[PDB]
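The data below hold one chain only, encoded as structure tokens and taken in the form deposited in one PDB entry.
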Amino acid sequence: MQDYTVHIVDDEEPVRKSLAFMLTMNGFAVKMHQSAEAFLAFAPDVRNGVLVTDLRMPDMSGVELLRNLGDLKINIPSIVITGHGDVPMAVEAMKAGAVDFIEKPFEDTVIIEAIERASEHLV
């Protein structure tokens, strides 16, 4: 079986803990990051990891995070969670290299399938 880690980034702690807890209850190895900046500083050390990030985050957006990762010469399959009915954000996220976007609110089954898909990109 594959042993990958799901890295979660969200500006709202309650939403972050909700997702994290749900994925762990489903058997995924999960790591919650305090902010986009914290994940960016942790990124060089990631091995066999997938990223699930929120898009609208005041300090650093999900898109900007994706562009910074690219600058670090690092490729981490990413799923971007976008605001309800926010088309500009989903489009920009895909143009930025995200494996896929997920519109919230979302069904656990759906985010779980999106994560399994991103893991397809792990070498």
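Heads up: residue numbers just count along the shown sequence, starting at 1. Shifts are known only where both forms have a C-alpha. So that the term is clear: the rigid core is the largest set of C-alpha atoms that superpose within 1.5 Å between two forms.
The mean C-alpha temperature factor is higher for 57 to 65 when 73 to 81 and 57 to 65 are set side by side.
In this entry, 11 to 19 shows the higher mean Cα temperature factor of the pair 99 to 107 and 11 to 19.
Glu37: CA B factor in the middle third of modelled residues in this chain (values from the PDB entry).
In the deposited entry, the Cα temperature factor of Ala118 sits in the middle third of values across the chain's modelled residues.
Another form, the form deposited in another entry, is not on view; read the next lines as being about it.
Superposition on the rigid core between this form and the one not shown places the CA atom of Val15 2 Å or more away from its counterpart.
With the core held fixed between this form and the one not shown, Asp59 has its Cα displaced by at least 2 Å. Regions that shift between this form and the one not shown, defined as runs of three or more consecutive residues whose CA atoms all move by 2 angstroms or more after core superposition, comprise 13 to 17, 55 to 60.
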